[PDB]
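This report concerns only the one structure given below.
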Amino acid sequence: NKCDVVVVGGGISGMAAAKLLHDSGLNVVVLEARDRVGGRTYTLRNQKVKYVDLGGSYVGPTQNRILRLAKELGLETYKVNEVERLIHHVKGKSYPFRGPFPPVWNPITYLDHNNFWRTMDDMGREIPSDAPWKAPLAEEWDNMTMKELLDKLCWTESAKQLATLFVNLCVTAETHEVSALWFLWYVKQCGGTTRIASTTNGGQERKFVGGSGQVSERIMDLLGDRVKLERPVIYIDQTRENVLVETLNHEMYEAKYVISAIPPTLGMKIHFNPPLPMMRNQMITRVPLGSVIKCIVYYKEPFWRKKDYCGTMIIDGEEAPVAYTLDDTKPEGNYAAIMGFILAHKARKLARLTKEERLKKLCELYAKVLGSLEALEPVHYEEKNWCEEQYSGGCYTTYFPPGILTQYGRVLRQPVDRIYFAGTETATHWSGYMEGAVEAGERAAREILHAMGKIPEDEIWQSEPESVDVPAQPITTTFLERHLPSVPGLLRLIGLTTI
Amino acid sequence: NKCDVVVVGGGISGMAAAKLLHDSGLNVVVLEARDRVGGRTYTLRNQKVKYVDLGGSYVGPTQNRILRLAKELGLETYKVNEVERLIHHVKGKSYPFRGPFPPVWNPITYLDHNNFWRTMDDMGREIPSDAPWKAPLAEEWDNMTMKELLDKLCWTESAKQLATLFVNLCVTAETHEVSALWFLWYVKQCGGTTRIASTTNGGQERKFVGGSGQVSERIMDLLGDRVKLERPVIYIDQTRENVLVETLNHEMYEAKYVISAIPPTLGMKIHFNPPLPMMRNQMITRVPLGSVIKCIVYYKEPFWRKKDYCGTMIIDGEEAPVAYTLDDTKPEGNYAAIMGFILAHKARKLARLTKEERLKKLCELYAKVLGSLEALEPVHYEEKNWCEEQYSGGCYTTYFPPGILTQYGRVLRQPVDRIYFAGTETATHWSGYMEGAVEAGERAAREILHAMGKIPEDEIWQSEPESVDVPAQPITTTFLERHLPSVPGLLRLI
Ligand SMILES: *Cc1cc2c(cc1C)N[C@]1([C@@H](CC=O)c3ccccc3)C(=O)NC(=O)N=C1N2C[C@H](O)[C@H](O)[C@H](O)COP(=O)(O)OP(=O)(O)OC[C@H]1O[C@@H](n2cnc3c(N)ncnc32)[C@H](O)[C@@H]1O
Ligand SMILES: *[C]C1=C([C])[C]=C2N=[C@]3([C]([C][C]=O)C4=[C][C]=[C][C]=[C]4)C(=O)[N]C(=O)N=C3N([C][C]([O])[C]([O])[C]([O])[C]OP([O])(=O)OP([O])(=O)O[C][C]3O[C](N4[C]=NC5=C4N=[C]N=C5[N])[C]([O])[C]3[O])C2=[C]1
Ligand SMILES: c1ccc2oc(-c3ncc[nH]3)cc2c1
Ligand SMILES: c1ccc2oc(-c3ncc[nH]3)cc2c1
């Protein structure tokens, strides 16, 4: 019934919000739609897997908030296996390699590829993290899709193909579905193309021992009975002195303030009194989440390491159900596994199959990519299609189709009277990740603390000390990487000696 | 508590479905979220305007279902004023014209404009009304926005700007917001560019005497207390033998079947048990509605008629608040009024202003386009910003961003167990309009009748005899229009 702050959503964002509120002396309640906490993080435990992350999993350098929160809860990280070779599978053949990107040998193609990544970061540096619609060419970049941008930038099909796979993997959407401005913001606010895409030194470096689900669960442990499970929120009424929050099992909660810690578009599941202001009312119908099936295939041994493959595959081509994989072997060396994502339109297309038909297609793909008949011998399989989640809407996160971010972006975290907005989508650094979740949750909690007169305004946004355990190597370039011409820039140099 | 069919939504779609079911002898209940019926139609009455449509208003030849239902309810139409000359205002200057499209004089620009309209209709000829995702090129067209299509087709700035305004007017959305496939289908399923853009012999031919709101109000009168106002549906449970539907103020309704007659995205407001199938779960986050403010400025007389202007203005440019207007004068010649639409991003931009401020910007604009000082002396003003409606989401209708129609279009009208889908979005002819609302309400009502064993399968989709009152004339083209070359085709000929 009565408390200081109702937190809607028990994902990482709402749990981190609740925790900061609770540690500061406020009476908090978390109302969660599902019969579990964790949201888009979910750790399954059974005998056959021990544990496995079926939703968000990876943490890496620069994600300092989630590392600190997890560390304080008693959690530990281990490194994703990248000891052996990565594989870039393109046009029906596998090419082993090491480093941030597969090596390009054709010099034209090398210029084009180098120019593409460079330009992505170049554009991204024009986009303020906390205000992407403030980019000088915001309008122009928002009024085109990533497909149209790739068409302009890539003078080789090779670069276009690789870039398409990058977009699909980063935002589980098609290049034609997303705003170029948004997508360029999304990469920048994660530290750029190298940081977002890498294992060592990047987004995919680590996982938590025991699963990421422990983050939400351990905060629930601390909060005790303050976390109401199976309370989907249906109605928020701010016409009276205290905010009123009603659940689907007709329970009523009364609070000074509310934090909405749910993906933006799921705000539609809530009836508002009085109605949302116009801009938000429309924004939450315009912000879909991606489509992905996260699949884990278990084997007797991590046989791929014996062939000097670490288990990372970048797999191009329409016939390939999975376009990206990682080694998911437990740190102790057992429960050998390959994690792979079925992305965007393929998540849609292949959801029609049975679980056993999807397993079959994945083993056959891995057999071919790894040149290994053993991949045909799985011992177990787990999978999650995030598109069927009523209380997620998809994964990993919310994407912005063209024209949306500049028109409606401003309102994503604008308070509505006594409702404040958390959820990874409102973050300025690793939005879409567990990291963005902790940032948006703690920031929304702090907005309410300033509203109550408990902290000055300059404590609303707070920077984070760098993890001592997972430190960040800078993202550096080389001279030639910086100054090699693009393909048309070389065509321009050729025109000039010929004139 | 118990009945045969709960209909969610009392807009024209939900009312038309409930009326057909009740006329078959079924027990229906209509659950309506607002304190009023009509949805995206809304007729306001006061002494100053007598009555004024603030939502959907216009009807025309080929829209035989809405015309039929309205006739049966005792409603009559009158013709929108198109006697005098239309106006095209471009780079600060009015060009009066007669006929549907503004004439173009420069020969290249001419080839470019001609080609643009003709190409939109030839592309439409390959798009099935009932399944646009089966167009030969569905993926290719769905994977680009109308902006991109326009960058490709239009060789002149003139064509591109008129085409842009055309898109903004038809679907209240920017050219870069919307799928080319979806837009091309939207136009095709209204009978083509001419039919959709025309007043005489097109979609803006007519208004209802007394307001379109009467369509839903008069069906509510038939149904009496079967319609439950201020009952927003929150929860639908299909786990048991009877379907259970719960509303916000805790009422429970139990039925054999449900018709959802709300815009697709508004399905998000309802919690479902069991969850929706995946494709629907995701679809209904992918389909926003457009942005529009409908503004009606009142004047002492239809002074524009005196200068041989009919009141229709097509007004180019970023600076103009309103890009399109029609004469809103009552048939009697009184309550002189200009109706204009503030479209898409302008509706977002200009909503921050006060009502008086918007009035003043509209009057200065109309004074300039009509070239009349009398436009600066309004006697009254009414307006409606549909962007702000929790239970509409915008207007006129739902648009599809790039990639969505090919990927999720099929689910739009697919039954989910015992829930059938109505609403103008699920129509195959004049979807987006009151006409589609009717088609969709009746079809979804007839799917249930067939599920109950009351009618054969071939009676679910029914053709509609042409209205005697509003007969359609054929859309024609000329030899030159069919065969003049495009700009690049005139280049390939040089
Ligand atoms: C789904 C998913 C998510 C992520 C990954 C994979 C999958 C399959 N991968 C991640 C990413 C992110 C990439 O951009 C990644 C992918 C590939 C390579 C590297 C990294 C990770 O590996 N690492 C990572 O940091 N993040 C990953 N993904 C995203 C995270 O899972 C996600 O950002 C956070 O989980 C989001 O947290 P939060 O903002 O708190 O939001 P939730 O959706 O988790 O919580 C909402 C909460 O609200 C409840 N709810 C909904 N509606 C309600 C009503 N009406 N009333 C009451 N409660 C309500 C929900 O049940 C939920 O509990
Ligand atoms: C808004 C609007 C405006 C402003 C305008 C308009 N217009 C029109 C058109 C379109 C096109 O495209 C035009 C324009 C221009 C020129 C010409 C033309 C006209 O005029 N005409 C027609 O026809 N149309 C129109 N529009 C639109 C219309 O209106 C539509 O389509 C219709 O109306 C639709 O309907 P429906 O389908 O039925 O739907 P709605 O109405 O929306 O309804 C629904 C209902 O529901 C409810 N809800 C929600 N939710 C819920 C509910 N209930 C219960 N529960 C729940 N939860 C709501 O409230 C309603 O009522 C136009 C427009
Ligand atoms: C395009 C698409 C997918 C990709 O995955 C990587 C990667 N994985 C581990 C180090 N780099 C790089 C990359 C580039
Ligand atoms: C482009 C944009 C808007 C337009 O409105 C018309 C029109 N109105 C009445 C007859 N034709 C034609 C037209 C063309």
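Quick mapping for you: the protein sequence lines, in order, are chains A and B.
Just so we're aligned, residue 3 is where the first sequence starts under UniProt numbering, counting upward by one.
Just so we're aligned, residue 3 is where the second sequence starts under UniProt numbering, counting upward by one.
In this text, a Cβ means the ideal position worked out from N, Cα and C, and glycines have one as well.
- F103 (chain A) and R87 (chain A) look like a contact to me (Cβ under 8 Å); what is the Cβ gap, rounded to whole Å? Here residue 103 (chain A) corresponds to residue number 101 of the first sequence, with the count starting at 1. Here residue 87 (chain A) corresponds to residue number 85 of the first sequence, with the count starting at 1. Not quite, the Cβ-Cβ distance comes to about 14 Å (not below 8 Å), so this is no contact.
- Unbroken alpha helix (DSSP H) run spanning residue 582 (chain B), endpoints: With chain B covering 3 to 496 only, the question about residue 582 (chain B) has no answer from this structure.
- Query: Does the distance from the CB of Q284 (chain A) to the CB of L378 (chain B) come in under 9 Å?
  - Reply: Within the first sequence, the letter at position 282 stands for residue 284 (chain A). Within the second sequence, the letter at position 376 stands for residue 378 (chain B). At a Cβ-Cβ threshold of 9 Å, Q284 (chain A) and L378 (chain B) do not count as neighbours.
- Say yes only if the C-beta of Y435 (chain B) is nearer than 8 Å to one or more non-hydrogen atoms of ligand 4, and no if none qualify. Here the question's residue 435 (chain B) lines up with position 433 in the second sequence. Result no, Cβ not under 8 Å from ligand 4.
- Query: If contact means a Cβ-Cβ distance below 7 Å, which residues of the region 244-273 of chain A contact chain B?
  - Reply: If the cut-off is 7 Å between Cβ atoms, the region 244-273 of chain A has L250, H252, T267, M270, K271 and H273 near chain B.
- Message: Is there a Cβ of chain A sitting closer than 9 Å to that of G396 (chain B), yes or no?
- Response: The sequence position of residue 396 (chain B) within the second sequence is 394, counting from 1. By this cut-off, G396 (chain B) is an interface position.
- Query: Can you tell me the Cα-Cα spacing of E376 (chain A) and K370 (chain A), whole angstroms?
  - Reply: By one-based count along the first sequence, residue 376 (chain A) stands at place 374. By one-based count along the first sequence, residue 370 (chain A) stands at place 368. Taking the CA atoms as reference points, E376 (chain A) sits about 11 Å from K370 (chain A).
- Query: Considering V299 (chain B), what are the terminal residues of the beta strand (DSSP E) in which it resides?
  - Reply: Walking along the second sequence from the start, residue 299 (chain B) turns up at place 297. Counting along the chain, the unbroken beta strand (DSSP E) around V299 (chain B) starts and ends at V294 to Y300.
- Return the CA-CA distance between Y393 (chain A) and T267 (chain A), expressed in angstroms with no decimal places. Numbered from 1 along the first sequence, position 391 holds the residue referred to as residue 393 (chain A). Numbered from 1 along the first sequence, position 265 holds the residue referred to as residue 267 (chain A). Their backbone Cα atoms lie some 10 Å apart in a straight line.
- Query: Any idea if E449 (chain B) is buried or exposed, counting beta-carbon neighbours within 10 angstroms, 16 or more meaning buried?
  - Reply: On the second sequence, position 447 is the one that residue 449 (chain B) refers to. Around the beta carbon of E449 (chain B), a 10 Å sphere encloses 16 or more other beta carbons of the protein chains shown; the residue is thus reported as buried.
- Item | Beta-carbon proximity list for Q163 (chain A), same chain, < 8 Å, skipping 5 on both sides | Within the first sequence, numbered from 1, the residue matching residue 163 (chain A) stands at position 161. Within the same chain, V92 and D318 come within 8 Å of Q163 (chain A) by CB-CB distance, once the 5 residues on both sides are set aside.
- Under 7 Å between beta-carbons, which chain B residues line up against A353 (chain A)? List them in chain order, please. Along the first sequence, one-based indexing puts residue 353 (chain A) at 351. Listed by position along chain B, the residues whose Cβ is nearer than 7 Å to that of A353 (chain A) are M280.
- Query: Comparing the C-beta of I238 (chain B) with each C-beta of chain A, is any distance below 9 Å?
  - Reply: Start at 1 with the first residue of the second sequence, and residue 238 (chain B) comes out as number 236. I238 (chain B) does not count as touching chain A.
- Item | Any C-beta of chain A under 9 Å from that of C365 (chain B) | Position 363 of the second sequence, counted from the first residue, corresponds to residue 365 (chain B). Nearest CB-CB separation between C365 (chain B) and chain A: not below the 9 Å threshold.
- How far does the alpha helix (DSSP H) with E74 (chain A) in it reach, from first residue to last? As a position in the first sequence, residue 74 (chain A) is number 72, starting the count at 1. Here the alpha helix (DSSP H) through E74 (chain A) covers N66 to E74.
- Query: Cβ of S160 (chain A) versus every heavy atom of ligand 3: is any distance shorter than 8 Å?
  - Reply: Mapped onto the first sequence, residue 160 (chain A) falls at position 158. Proximity of the beta carbon of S160 (chain A) to ligand 3 is not indicated: no heavy atom of the ligand is located closer than 8 Å.
- Message: So the candidates are A:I14, A:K50 and A:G27; which of them puts its Cα closest to the Cα of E34 (chain A)?
- Response: The residue you call residue 34 (chain A) lines up with position 32 of the first sequence. Per the Cα distances, A:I14.
- Sequence-distant residues of its chain with Cβ nearer than 6 Å to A72 (chain B) (five each side left out): Indexing the second sequence from 1 puts residue 72 (chain B) at position 70. Closer than 6 Å at the Cβ level, and outside the excluded window around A72 (chain B), lie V217.
- Task: Quick one: using the 10 Å Cβ neighbour count with 16 as the cut-off for buried, is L345 (chain B) buried or exposed?
- Result: By 1-based counting over the second sequence, the position of residue 345 (chain B) is 343. Classification of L345 (chain B): buried, given that the 10 Å Cβ count is 16 or more.
- Taking the DSSP output, what are the residues bridged to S181 (chain B)? Position 179 of the second sequence, counted from the start, is the residue given in the question as residue 181 (chain B). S181 (chain B) is bridged to B:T147.
- Item | Proximal residues, the region 167-191 of chain A versus chain B, C-beta separation under 7 Å | Taking a C-beta cut-off of 7 Å against chain B, the contacting residues of the region 167-191 of chain A are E176, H178 and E179, listed in chain order.
- Message: Tell me which residues share the same chain as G205 (chain B) and place their Cβ nearer than 7 Å to its Cβ, disregarding the 5 neighbours each side in the sequence.
- Response: Residue 205 (chain B) sits at position 203 when you count from the first residue of the second sequence. The residues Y60, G62, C192, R197 and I198, in chain order, have a CB closer than 7 Å to that of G205 (chain B) in the same chain once the five nearest residues on each side in sequence are set aside.
- Item | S160 (chain B), enclosing alpha helix (DSSP H) - first and last residue | The residue you call residue 160 (chain B) lines up with position 158 of the second sequence. Residues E159 to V173.
- Query: Listing by chain order, which chain A residues have their CB less than 7 Å from the CB of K149 (chain B)?
  - Reply: Within the second sequence, numbered from 1, the residue matching residue 149 (chain B) stands at position 147. Here the neighbours are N145.
- Message: I want to verify the contact list: residues of chain B whose CB lies under 7 Å from the CB of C312 (chain A), in sequence order.
- Response: Stepping through the first sequence from its first residue, residue 312 (chain A) is reached at position 310. None at all; the shortest Cβ gap to chain B is about 32 Å.
- Task: Please state whether DSSP places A439 (chain A) in a helix, a strand or coil.
- Result: In the first sequence, counting from the first residue as 1, residue 439 (chain A) sits at position 437. In the structure shown, the three-state DSSP call for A439 (chain A) is helix.
- Message: Check whether chain B comes within 9 Å of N283 (chain A), counting only Cβ atoms and requiring the distance to be less than that.
- Response: For the purposes of this step, residue 283 (chain A) is taken as residue 281 along the first sequence, with counting starting at 1. With 9 Å as the cut-off, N283 (chain A) counts as an interface residue toward chain B.
- Message: Considering Cα atoms alone, identify which of A:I477, A:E427, A:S469 and A:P404 is closest to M148 (chain B).
- Response: In the second sequence, the residue the question calls residue 148 (chain B) occupies position 146. Taking only the C-alpha atoms, the option nearest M148 (chain B) is A:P404.
- Message: Tell me which residue opens and which closes the alpha helix (DSSP H) that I14 (chain B) is part of.
- Response: Taking the second sequence and counting its residues from 1, the one referred to as residue 14 (chain B) is at position 12. Where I14 (chain B) is concerned, the enclosing alpha helix (DSSP H) stretches over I14 to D25.
- Query: Considering only the beta carbon of each residue, do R354 (chain B) and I295 (chain B) sit closer than 9 Å?
  - Reply: Mapped onto the second sequence, residue 354 (chain B) falls at position 352. Mapped onto the second sequence, residue 295 (chain B) falls at position 293. For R354 (chain B) and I295 (chain B), no; Cβs fall outside 9 Å.
- Inter-residue CB distance, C156 (chain B) and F118 (chain B) (contact presumed, cutoff 8 Å): Locating residue 156 (chain B) in the second sequence gives position 154, where the first residue counts as 1. Locating residue 118 (chain B) in the second sequence gives position 116, where the first residue counts as 1. Rounded, the Cβ-Cβ distance is 6 Å, consistent with contact.
- Could you spell out where the beta strand (DSSP E) holding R100 (chain A) opens and where it closes? Residue 100 (chain A) sits at position 98 when you count from the first residue of the first sequence. Going by DSSP, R100 (chain A) is part of no beta strand (DSSP E) at all; its letter is neither H nor E.
- Task: Determine the burial state of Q464 (chain A): buried for a count of at least 16 other Cβ atoms within 10 Å of its Cβ, exposed for fewer.
- Result: The residue labelled residue 464 (chain A) in the question sits at position 462 within the first sequence. Exposed, because fewer than 16 other Cβ atoms sit within 10 Å of the Cβ of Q464 (chain A).
- Message: Quick check on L291 (chain B) - is its C-beta less than 9 Å from some C-beta in chain A?
- Response: Taking the first residue of the second sequence as 1, we reach residue 291 (chain B) at position 289. So, interface residue.
- Which two residues bound the contiguous alpha helix (DSSP H) that contains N283 (chain B)? Within the second sequence, the letter at position 281 stands for residue 283 (chain B). Counted as a single uninterrupted DSSP element, the alpha helix (DSSP H) harbouring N283 (chain B) occupies residues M280 to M285.
- Task: Compute the distance between the beta-carbons of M454 (chain B) and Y300 (chain B), then report whether it is under 9 Å.
- Result: Taking the first residue of the second sequence as position 1, residue 454 (chain B) is located at position 452. Taking the first residue of the second sequence as position 1, residue 300 (chain B) is located at position 298. No, the pair does not count as a contact, with Cβ atoms beyond the cut-off.
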